Amino acid sequence: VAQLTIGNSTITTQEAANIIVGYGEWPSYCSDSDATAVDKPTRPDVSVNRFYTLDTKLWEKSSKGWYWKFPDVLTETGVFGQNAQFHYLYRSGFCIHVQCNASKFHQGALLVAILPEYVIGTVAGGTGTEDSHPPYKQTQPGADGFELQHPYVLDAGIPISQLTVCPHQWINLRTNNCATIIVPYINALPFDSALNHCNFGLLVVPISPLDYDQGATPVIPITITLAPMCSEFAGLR
Amino acid sequence: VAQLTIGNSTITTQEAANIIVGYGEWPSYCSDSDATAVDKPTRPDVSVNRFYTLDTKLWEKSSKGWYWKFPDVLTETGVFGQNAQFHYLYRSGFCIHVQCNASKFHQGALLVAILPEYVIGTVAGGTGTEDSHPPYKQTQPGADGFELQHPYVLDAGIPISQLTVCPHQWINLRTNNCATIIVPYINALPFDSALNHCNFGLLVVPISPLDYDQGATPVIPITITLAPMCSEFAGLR
Amino acid sequence: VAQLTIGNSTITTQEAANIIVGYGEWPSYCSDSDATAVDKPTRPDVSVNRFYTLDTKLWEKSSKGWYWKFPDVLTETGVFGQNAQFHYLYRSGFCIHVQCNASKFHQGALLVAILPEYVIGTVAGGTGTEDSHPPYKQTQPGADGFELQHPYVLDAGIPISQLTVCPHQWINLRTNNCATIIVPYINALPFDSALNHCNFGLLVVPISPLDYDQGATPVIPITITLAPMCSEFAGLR
Amino acid sequence: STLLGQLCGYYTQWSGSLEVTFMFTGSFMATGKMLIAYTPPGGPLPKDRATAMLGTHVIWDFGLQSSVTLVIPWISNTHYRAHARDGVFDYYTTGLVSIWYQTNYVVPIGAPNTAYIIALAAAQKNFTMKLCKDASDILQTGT
Amino acid sequence: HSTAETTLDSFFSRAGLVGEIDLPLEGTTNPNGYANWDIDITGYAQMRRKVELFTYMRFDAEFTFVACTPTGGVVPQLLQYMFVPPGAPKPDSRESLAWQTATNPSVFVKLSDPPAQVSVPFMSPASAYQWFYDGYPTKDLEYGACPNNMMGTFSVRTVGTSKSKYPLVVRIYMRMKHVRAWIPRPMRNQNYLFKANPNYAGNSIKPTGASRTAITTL
């Protein structure tokens, strides 16, 4: 046991298990050239660099899986929510940390992954005749995430059977629980909007269904804690 | 002409006239002992250190004078207003700068001064039989100040004939206009409330009545610009 | 105060304000190759190099602006008028100096500029159906200049909103008055006619309308003084 | 009206820092303060003068300096669009310069109780232009 | 000419009468042979105006108790003066277990014995007392009132289970020592209305000092 403390926050997470650094790159600030050359972007090191602990989601024998959209997820709660709202341009890396409190008498496996530009696609009506672009609920599901309706096709006709081709980490209950992923800023632009375009999505699906002999707490809590690595903003409003 | 630029603000004030440093002390942070010994108070150097320019007051042939109360005046407008509101303890020095735009065809004299613990006292009824402690309008007149009703006794039975015994500076139109005063934190406590107790008051009274031969703009604008020198706060809410 | 004296003339102009050297080049004579190779062109340094002071024009609350055409303007009055008339080929740089005598109780702004090959265009009839090339009054307005009829389009369908893209200098009354411009010989020929082709034009338009509280001399005199820098002529008649 | 503008029309997309200048042409005896403020893309024009000041602004005093210059950080007309049919790369990045009366206009008896301010723009050194577009409504006509 | 008479300690020294308790044998006021006096240095009239020359002060005080009969007579009656450290509760009866509690310094002396004197240290939990407080100590009007400035409470009483045999008058003198002042402020120039705030007659404003006929005639 060893509790990391970076900010007015103090998560009592494991000493130092294995963390998957995304696409093999630590999120950093910027050389000296961007979508702003006579506009030196202030780099929030203040309260924009602490631990955020999203409202734990409950895993049932039936959860289809969940997903969050960055940077949206936090533009809500937080002083990082203060920045993302009062600023025009934005660039920031991350570091998610998904924990699972369960007993040795439970069992399951969660695939946790980061998928850049995660574009959803609802039923398209019901059978497939309605160009209805998903609600403002599926495009930016705040800090409480959103559930997958068709886990198999990740809600975008792509097979989850191949999701591991993204920065991912497994969470097999009989072997661990906490899993970590350091995401670097991935975009086709140095500085992009932090309110309309969501640089990516964090998925967390039960590949091996949760289960327990009858009599154990049936819902295992999944606690997602994240830390904004190298925030950057330009021009306030 | 030479415009000082400390912050996203840029006042085009005189090159460097005469400034009266209050009680002969530059506002500073703190040694290493306060009303918080295992609580290292964060020192806002960010947007809490820029230029604030209060809504210019208009000087008439009849203005009785005005006054503002610090730190209140700014807890309103500003990110310094953000701090003073979301923080418990506070300690901060200052630097006021009162400017006067008028022509060589006008005339007058303003006594500008800083008076620690400026306790008001209304009429006390009308003639003097009512323990009515002044309204919440005279104790904390926001960022728009408040007018003196009895300039001669500064609204507190003290003679203005002696106000110069405080950090003051004169503004005689025929000789200047801008006047500056650097106020250091003056209190009987290291860290005091920044919302209930007003460390002091800034007075600005027309000692020599404004005047102009008929036909000149009758109202001369008094522009008060101030800068928070060495802000300090402890414990957010 | 310091009066420059180059010739039997003596203008009591300011000590040395700011002068805009045209296209960044001091008017000079010539290397050793021209429209005359076995004809060494005599360079009038005699009375062709003195100060000429054109009849001051009066600026009213309504003046649309004026313009002169070089070298024409002087081929009139002057011994430089003697040369330009009795000679075939010509090449000469210049140096205009526009002064404005007004009081601190007036106000206005004049844009003074040099525009090479300034081709006028009258109304073209009235509405626009008559190939009437402007009179011999608008093509060569002697030493008394000529007024703009359509200041906005500089009398040639070009927007004055962009005239500053030429060697120019502003004359804002509240800030100065005298303005200077050194024009170099600009032509597509080494030696050109000094009687038919006008190398350029000097415009001087009131961008900020002249004004004065009622009772001040309503007309402010604009005094244009110029000096022929490096005159050159070939073959007399 | 600016040459800058007119040239841009001959180009499809661009980016860089700008530079507006303001020249007070009033009397000499005139004094006062004007507050010029720029609001980057998004944040609508500040409600009142106060709030406007809480963001990048410059208090300009003509009593002193008779001409102030404001720098626009960066504007990028690259955010593609498709209006009615003229799918031209629409700015989107419309900053917003507002000028406010910080103090009333002050003048002595004898001076013009109203003056004018000229504005001079131009792009900064770091300006670019990409793609050519000969859009020109002013065309050559056979006599 | 020695500028020593102009120091701060030489300005604020001198034992002044700040309190006068009264224990009439029978009557209205203090019908229980005892009374509670709250240390108030304004017990001395012209003192307010003086101390109020500054915004922050620090000092100690030596209190002296000159008690006798209304006539000025000396009598064989034993008294007990008790001190209630700001924070502890005061007596309410002629034998509230308050006079019993040790943490409340008492000092017994007979009228035979010369005046009793004791020193109260600079109480306040602040760096200094402060005559002015421009705010509210974080229904009712709590403005201008500064909390921690309470020096304590003296509780005079005739020792013993029964009432006193003669009428008594205890005069309380207090001289402040070791003074430090800060932030000098203008000198009061309008009569005082309440011991509380600095309110003044809002119409009965008189000129700082006497006036004359014409500015040219002396």
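Read-outs throughout are calculated quantities, based only on the coordinates presented, and are distinct from any laboratory measurement. Here Cβ is always computed from backbone atoms with ideal geometry, including for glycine, and neighbour counts include all displayed protein chains.
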Could you check how many residues of segment A:49-82 are out of contact with any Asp or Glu (no Cβ under 9 Å at 6 or more places or on another chain) and more than 24 Å from A:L115 (Cβ to Cβ)? 4
Just to be sure, is E:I183 within 14 Å of chain B (Cβ to nearest Cβ), surrounded by 15 or more Cβ atoms within 10 Å (Cβ to Cβ), out of contact with any helix residue (DSSP H, G or I) (no Cβ under 6 Å at 6 or more places or on another chain) and outside any loop (DSSP other than H, G, I, E, B)? yes
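So that you can scan it fast, the table gives a plain yes or no per residue for (1) under 24 Å from B:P116 (Cβ atoms); (2) within 14 Å of chain B (Cβ to nearest Cβ):
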position	(1), (2)
E:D40	yes, no
E:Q46	yes, no
E:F54	yes, yes
E:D92	no, no
E:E95	no, no
E:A98	no, no
Among the numbered criteria (1) surrounded by fewer than 21 Cβ atoms within 10 Å (Cβ to Cβ); (2) touching a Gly at 6+ places or on another chain (Cβ under 7 Å); (3) aromatic (F, W, Y), which single criterion is violated by E:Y200? (1)
With the structure loaded, tell me whether B:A113 is buried (at least 19 other Cβ atoms within 10 Å of the Cβ), closer than 24 Å to B:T13 by Cβ and among the small types (G, A, S) or whether it fails that test. yes
Of (1) in contact with an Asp or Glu (Cβ under 9 Å, 6 or more places away or on another chain); (2) crowded, with 17+ Cβ neighbours inside 10 Å; (3) part of a strand (DSSP E or B), E:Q117 satisfies all except one. Which? (2)
Quick test for you: out of D:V58, D:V71, pick the one residue that is within 14 Å of chain A (Cβ to nearest Cβ) and touching a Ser or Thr at 6+ places or on another chain (Cβ under 9 Å). D:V71
Spot the failing condition for C:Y118; the list is (1) surrounded by fewer than 22 Cβ atoms within 10 Å (Cβ to Cβ); (2) touching a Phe, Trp or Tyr at 6+ places or on another chain (Cβ under 9 Å); (3) under 16 Å from C:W66 (Cα atoms); (4) among the hydroxyl-bearing types (S, T, Y), and only one is missed. (1)
Give E:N30, E:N36 a once-over and let me know the one that is at positive phi and surrounded by 16 or more Cβ atoms within 10 Å (Cβ to Cβ). E:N30
Residue, farthest from the other protein chains (Cβ to nearest Cβ), within segment B:42-82, restricted to residues that are in a strand (DSSP E or B) and among the charged types (D, E, K, R): B:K57
Reported set for segment C:87-111 where residues are away from chain D (no Cβ under 14 Å) and part of a strand (DSSP E or B) is C:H87, C:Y88, C:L89, C:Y90, C:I96, C:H97, C:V98, C:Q99
If a residue must be within 20 Å of E:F108 (Cα to Cα) and acidic (D, E), how many such residues does segment E:1-34 contain? 2
Condition first: under 15 Å from the mean Cα position of the chain (by Cα), within 14 Å of chain A (Cβ to nearest Cβ) and surrounded by fewer than 16 Cβ atoms within 10 Å (Cβ to Cβ). Now tell me which residues in segment D:20-51 satisfy that. D:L45
Note on E:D140: of the conditions (1) within 12 Å of chain B (Cβ to nearest Cβ); (2) among the charged types (D, E, K, R); (3) under 22 Å from E:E52 (Cα atoms), unmet is (3)
Can we say B:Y118 is within 12 Å of chain E (Cβ to nearest Cβ) and within 21 Å of B:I186 (Cβ to Cβ)? yes
Taking E:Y192, is it aromatic (F, W, Y), over 30 Å from E:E26 (Cβ atoms), facing chain B (nearest Cβ under 10 Å) and within 18 Å of the chain's Cα centre (by Cα)? yes
Within the bounds of segment B:21-41, is there any residue that is within 14 Å of chain D (Cβ to nearest Cβ), part of a loop (DSSP other than H, G, I, E, B) and not β-branched (V, I, T)? no
Here the residues within segment E:5-25 that are charged (D, E, K, R) and under 18 Å from E:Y173 (Cβ atoms) are E:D9, E:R14, E:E20, E:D22
Just to check your reading of the model, which residue among E:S112, E:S124 is away from chain B (no Cβ under 13 Å) and assigned to a loop (DSSP other than H, G, I, E, B)? E:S112
Check off (1) out of contact with any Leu (no Cβ under 8 Å at 6 or more places or on another chain); (2) within 13 Å of chain B (Cβ to nearest Cβ) for D:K125 and give me the number that stays unchecked. (2)
Got at least one residue in segment B:193-202 being in contact with a strand residue (DSSP E or B) (Cβ under 8 Å, 6 or more places away or on another chain), surrounded by fewer than 22 Cβ atoms within 10 Å (Cβ to Cβ) and within 14 Å of chain D (Cβ to nearest Cβ)? no
Against the definition (surrounded by fewer than 18 Cβ atoms within 10 Å (Cβ to Cβ), of a type outside the set (G, A, S) and within 14 Å of chain A (Cβ to nearest Cβ)), how does D:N77 come out, yes or no? no
Taking segment B:124-153 and keeping residues in a loop (DSSP other than H, G, I, E, B), crowded, with 19+ Cβ neighbours inside 10 Å and facing chain E (nearest Cβ under 7 Å) leaves B:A124, B:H133, B:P134, B:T139, B:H150
The one condition in (1) out of contact with any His (no Cβ under 9 Å at 6 or more places or on another chain); (2) among the polar types (S, T, N, Q); (3) within 20 Å of E:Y143 (Cβ to Cβ) that B:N187 fails to fulfil: (1)
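Conditions tested, residue by residue: (1) in a loop (DSSP other than H, G, I, E, B); (2) surrounded by 20 or more Cβ atoms within 10 Å (Cβ to Cβ).
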| position | (1), (2) |
| --- | --- |
| B:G157 | yes, yes |
| B:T164 | no, no |
| B:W170 | no, no |
| B:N177 | yes, yes |
| B:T180 | no, yes |
| B:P190 | yes, no |
| B:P218 | yes, no |
| B:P221 | no, yes |
| B:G235 | no, no |
